[PDB]
Structure formats: C-alpha cells, structure tokens
Amino acid sequence: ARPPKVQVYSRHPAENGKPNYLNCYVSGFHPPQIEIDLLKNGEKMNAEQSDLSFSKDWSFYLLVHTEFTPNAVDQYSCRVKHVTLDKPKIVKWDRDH
Amino acid sequence: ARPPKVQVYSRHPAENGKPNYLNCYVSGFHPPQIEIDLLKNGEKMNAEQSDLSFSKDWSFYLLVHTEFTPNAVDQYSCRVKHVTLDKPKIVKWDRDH
Amino acid sequence: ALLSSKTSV
Amino acid sequence: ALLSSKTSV
Amino acid sequence: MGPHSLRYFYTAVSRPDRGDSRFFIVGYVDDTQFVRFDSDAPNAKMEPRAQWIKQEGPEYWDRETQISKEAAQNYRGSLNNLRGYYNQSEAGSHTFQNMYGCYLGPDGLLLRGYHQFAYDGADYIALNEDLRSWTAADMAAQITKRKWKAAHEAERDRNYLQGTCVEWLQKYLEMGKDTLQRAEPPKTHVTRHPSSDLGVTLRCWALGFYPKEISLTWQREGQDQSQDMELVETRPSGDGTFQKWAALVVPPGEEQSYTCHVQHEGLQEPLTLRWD
Amino acid sequence: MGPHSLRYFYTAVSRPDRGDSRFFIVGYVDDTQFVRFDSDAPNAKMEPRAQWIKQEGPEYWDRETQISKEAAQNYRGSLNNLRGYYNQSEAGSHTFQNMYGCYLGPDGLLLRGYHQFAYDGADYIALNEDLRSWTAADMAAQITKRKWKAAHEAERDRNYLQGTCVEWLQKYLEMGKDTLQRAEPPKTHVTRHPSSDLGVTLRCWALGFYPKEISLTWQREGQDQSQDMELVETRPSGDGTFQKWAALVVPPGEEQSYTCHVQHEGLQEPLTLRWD
C-alpha cells in the first residue's frame, strides 16, 4: 500500500487576470481508488480527471485539471483522500512552485 | 590566452593483453599551436591526431590517439606543451579513470 | 493495436 | 556544402 | 533518432461488495496517450484520445472494442482465480495489472519486448526478454506459469510483439508524425524569490517540453551542486507536454554567478541561463 | 525527433616569421565530422572524413575544393587587414576563426542560422539571428560592419543559410541515415575502487554513445547529490562516439544504497544502476 505524492501547479506562468489551467498531479499510490478535488477558496471546482494509468513500479497516477484565472486574492488547492491516509491531504497552489 | 585541459583514457574498458585504443583529449586552449605526444614508458609513441577544431568559446580541441595493449606493467602518458605553460604538462593513464 | 488474450491466469 | 565568400574583412 | 515504443496498460479492479469488476485500458505511443477503454461506461468502446488516431476507420474501432470487451471478461475471471489461488477473502477488493508493448530500433526490429503482471501492486509474473520463458514471483504464479506453459501462449505473445505490435507502432508513427516525431524544446526562464533576507531562491523553469526526459543542472563557474538544488518530479502540462523545475538558494548579490544548464532532445544546443 | 545541424569551422593562422598563413576547414553534420581541408598539404583538396560522403562524385569534390582554396586566400587577406586595423606587430602570429551553419526544425525550415568570427580568441563580429544585421565587438569590427554593410553580403549569407545549407544538410542526412539518424545508447557499468579503507569510490561509466549529450546522476533512495559526485567532461571515443563518467565516494557496505541514473536519446528508457 503506497501513499500518493501531489504537486499542484498551473500549466503556464501565472499572470493575474489572464486565463490559465490549474493542474493537480497525484502519483505513486496503491491501491487505485481515490478522490481528488480542486478547490477555489475551500469550494470544490468542476474539473477534468485523466484516464487512470500507472508507472513501472505499478503505482498509479492521475492528473486532475480545470481552466482557471488567478488574480491577487483567489486561493486554490488540491484535496486528496486515499485509504493510506487517515485524513484528507491538502496542498496549496502558489504561483512560484 | 587559455591553457589546455587534458584527459587521458582508453577507448574501451582496459583489459590486460587485449588490444585497445589510447586517447589523449586536449581542449579549451588558445592559441592553436601545440605539441601532444603519447608515451609508453617515457618513449614517444607513433600516434594519430584529429583535424584541428574548436568549441563555441573559440577554444581549440584535439584528439591524439593510437592502438595499444595495456598489460600489468606498461606505463603510458600524454605529454603536452603550449605557450601558456612554462613547462610541459604530463598526465598519466590509469585504467580506472 | 491491442494484443488479444484468450486465456486467464 | 561550403559557403563561398568573395570578400575579406 | 531515438527508439520508439507502443505500450498498453491494463488495470482490473474487483468490487466484491458490488460483486463485479471494472476494467481499464490506456494506450501510449512513446509518451503520448492515444486510446482508452472503461467497462463501467454504458455502451463501452475503445475511444480516440489524440487527434491523429481518429483518422482510423470504424473497422479499426470495432476490432479493438471487440477485443477490449473480451479482455474485460478474461480479466474478471483472473480476479476470481487469483482469489482461489490466494484463498483470498470474499469481501476484500483486489487489483490486477498488465503492462506490455514494444520498443523499436531504428533498425526496424524489436529492440525489446515486455509483458508483465502484478497483483495488489506486487509483481506476479512476466515474460522474459528472449520472449520464450516467464519469471514467476511466487507459488500462485508457478501455477499460472504451468498453465500458460502448456497453452504455449508465449508463442502467441512473441509473435504479436515481434510482428503485430512492431507493425502498428510504425503505422501510428506515420499517422501522427507531425506530433509523435517532433521534439518540443522547453520554454525556459529563471525566477527569483527571497527565501530569506539573506537567502535568495533561484528557480530554473522548463515548460512545454515533449518528450518527457530532461536534464536540469545548476552551476557556478563550471561547478555543479545538485546535492543542494531542489528538483521537482517531471509533471505533465495538461496538453501533452511536460514541465519541471530545479531551484537553489544563493547568497544575495551572487545571482549572476549561477548558471542553470538544460539539456533536451528538442533543443538546438544545450542552454545555460543566468538570472536577469 | 531532434533538430539537426550542418556546421563548418574555419581557422586561419598567420606565420609572419614564415611570412605565410595556414588555413583549415572542418565540416560537421550534428556531432559527426565529414570533411576537412588543410592549406599546407601539397596538392590541397577538400577530403572525405566519413564513409558516407564518399558516395559523392568528383564534381562535388572539385566545387568544394575550388571554394576552400579561394577561402584560404580571402582569409590570408583578412589577416593582413586585421593587422592594419589593429596596427598589429610585424613579427607576431595571429589567429582568425569563423564558424557557421544551420539548425533544422522538423518543420523543414531553418530554426536558427549563425555566422560568427573571432580574432585572437576574442569575438570580433557576428551575423544576428534575423540574419540581416551584424554585431560588432569593437572599432575594428565597425569598419568590417561598414564594409560588409555596403557589400550587402548578409543578403548573400541569409540566402545560403536559408537555402543552400538547409538544402545540403537534408541531402547529407539521407546519404548517411544509417549513422547520422541513429542514436547509439551508451554501454554502461559501475566500477568500485577503494579510495580509502573507509572511503570507497563508485564510478558510473558510459561509453560508445552518440550523439554527444547525456545525463548522469547518482542517487540514494531517490536522493541526488551532484554537489558531491566527480564528473568528467564528455570526451570522444576515437570512433565517432563519446564517453563520460560520474563518480562518488560512499561509506563501505553502503554501495547497494546508491543508484546511478542515466538518460540518453538512444536509450529505450532511462537506466538506473547499482553496484554488483
């Protein structure tokens, strides 16, 4: 049983008021069942999720993504829950990472 | 005026009594005039030298090479002389480098 | 083009 | 194929 | 200039509480996904996932969909058997995975062929490289190894790998040459963030690059210190391309003395970058 | 899959004590040399330096040799002028270099074109990227910049770069596709040398690889420390291929916990190696 890694980042360099895409890449987990949500101020965003697939070490990976618009104040995050994690795991978007 | 770097190594992994090739790669120098000799126990070997050429930073490079046979005792080196160096520069072959 | 397997483990 | 230059600096 | 690969990834999942299983297929040419299948979908079909495959006709689509649907079932059977071999619990969910495909030499022949399986994330059985024996990870696989040994299906498998898969790989490459056969060099830049009044972070950015592999090193005056740099795992862009960065803390005012070096198939020449 | 380049390197050297100059040309497709010229050679000709170019006829060879011989002379003139511009000493040897060529997108067009010059190892003048202005590094180059500005030879140059050089690059690629268009993956292994009773050196070796670019990192348990590894500069093999290593000292008995990672165009997939 493997917990999942999570990186949260925008497809392009993040420029206030320009349209972008926000990704949440969740990888290295087992088993395959999992819930990933994107949030804009704690609020579940309507997002796309890629076809379940996996790496050479059998660990699964997934990309959850949606169009967004960063601005000065909007706060975004990715929330993940998996049987390996007692509690939900949250990572914060920040435009420098 | 730039002094030259020198690496001395065999084309293949060095196995006693098998035939190999011994290279001496001399790079990063200016100006272009230079004397490179391969030695087998201080004794100048008959070797080939590649067509003078140079890198993006205008520094020249050259490969001086010859067929050889390492064994337990044979000792080989590359000797280089250039206007930048008061004295001749010698690097020793060793089969682990 | 998919491989076709007729046999289970 | 070589470039041909007819002019010196 | 480089080897190419055709590669599929099967995932089978049992839902005993449900009493049923779910089956996935995804196909890749190199790093590019082109097909998927999901058994929960109401009228389940094998479905395009890149523009270029869509230039294939229904007869392609019927064939693959046919076979994907047989696969769902043999795989569902496998899960049941696996429980039997393992004397597995009635109510516990289990996972079965198969990945296979082709590497292609510029010599027009199969460099390497792989077929491998895992059960609950642990290796179960694999076709060997000569494509004529299996390695069994345990006793339950020995069974399979005897069972497949008799069926002679490594015959079936080497033939597909050395023929059919190699054959379709090449056809896919022609169909999607404008994308599959072009490296896309990364757009790069360097940012600056003050991790400390006296501790400035430089992050070297590489975005938009296909295919996936890349090299990002940081140097000062021809000196390399990746013992120090923070590197992220290569992550996809969302649009078929990838993204990576590598970052380090430098003493304030010493920024100019750091050079980030970037190597990639798409690049004309490796590019070193300084802050500015 | 990758950009390709055609590239020449001119070196002119004056021998005032001799009272004459020597002229060299070498040509490269990507990392592969294919031609050379030397003016000291008695009946000097442009000469094959790879097997595949030899499948070109005498008319090729006459043309290039003709032009190489004109070049010797214009270049000899340049050295004299350079002395005049610089009011250079009568008895002192001087060096003049030109490098130019073509990068080729998989889009069949010139990605980038470069023509550049240096005098005594220092930049003198260069064609810019739009291939329609020069950058002059000093006052003596301004002169040249005015002189070439009038002759309009950036016209001459953009045309060759965007036409002729791109054109021959492609022809060279077909002629030598069995070599120029195949990546050769490195043969790799790990050695062990006791740099200290309690300080063991591991050296990760990569040999036989074309083309030149490569990535060698060392990791322990997904941890990278190039701040520590000794890396050699990529060096040629002698036979058209290259060689590199990267080495580190590890605590004795901890060998298995180190993994050398290797990335290269020729590789099926990146390969990580442990001692054994």
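Naming convention: chains lettered A, B, ... in sequence-line order (proteins, then strands); numbering from 1 in each chain.
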**Study point:** Short side-chain donor-acceptor distance under 3.5 Å, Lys244(E) and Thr234(E)
**Key:**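 Distance-only check passes for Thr234(E) and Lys244(E).
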Discussion item. Looking only at the side chains, is there a donor atom on one of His12(A) and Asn20(A) sitting less than 3.5 Å from an acceptor on the other?
Written reply: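 Side-chain D/A pair, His12(A) to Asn20(A): absent.
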| query | Tell me, side chain or backbone of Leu63(A) under 4.5 Å from chain E's heavy atoms, or both, or neither? | reply |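 Answer is side chain: those atoms of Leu63(A) sit under 4.5 Å from chain E.
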- Item | Contact class of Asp96(A) relative to chain E, heavy atoms under 4.5 angstrom |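 When you check distances to chain E, atoms from both the backbone and side chain of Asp96(A) fall under 4.5 Å.
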For [X], is it the side chain, the backbone, both or neither that has a heavy atom under 4.5 Å from a heavy atom of chain A?
X	result
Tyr10(E)	backbone
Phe9(E)	both
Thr95(E)	side chain
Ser93(E)	side chain
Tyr119(E)	neither
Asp239(E)	both

* May I ask you to test the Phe242(E)-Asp31(E) pair for a side-chain heavy-atom distance under 4.5 Å? =>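 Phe242(E) reaches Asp31(E) side chain to side chain.
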Looking at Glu233(E), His94(E), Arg203(E), which one has more heavy-atom pairs under 4.5 Å with chain A than the rest?
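Looking at each of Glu233(E), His94(E), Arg203(E) in turn, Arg203(E) comes out on top.
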field: Choice from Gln33(E), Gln97(E), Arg36(E) maximising heavy atom contacts with chain A below 4.5 Å
entry: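 Most heavy-atom pairs within the cutoff with chain A belong to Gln97(E).
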Ring-ring centroid check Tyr60(E) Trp168(E), cutoff 6.0 Å:
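For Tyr60(E) and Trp168(E), the ring centres are under 6.0 Å apart.
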task = Sort out for me which residue in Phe54(A), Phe60(A), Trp58(A) forms a ring pair (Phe, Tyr, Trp, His ring centres under 6.0 Å) with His30(A).
result =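 Exactly one pass, corresponding to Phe60(A).
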### Task
Quickly, which of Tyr8(E), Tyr28(E), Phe117(E) forms a ring pair (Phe, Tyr, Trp, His ring centres under 6.0 Å) with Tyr100(E)? Name it, please.
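That would be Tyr8(E).
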- If you count heavy-atom pairs under 4.5 Å with chain E, which of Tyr61(A), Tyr21(A), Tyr9(A), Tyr25(A) comes out on top?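 Greatest number of close heavy-atom pairs with chain E: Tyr9(A).
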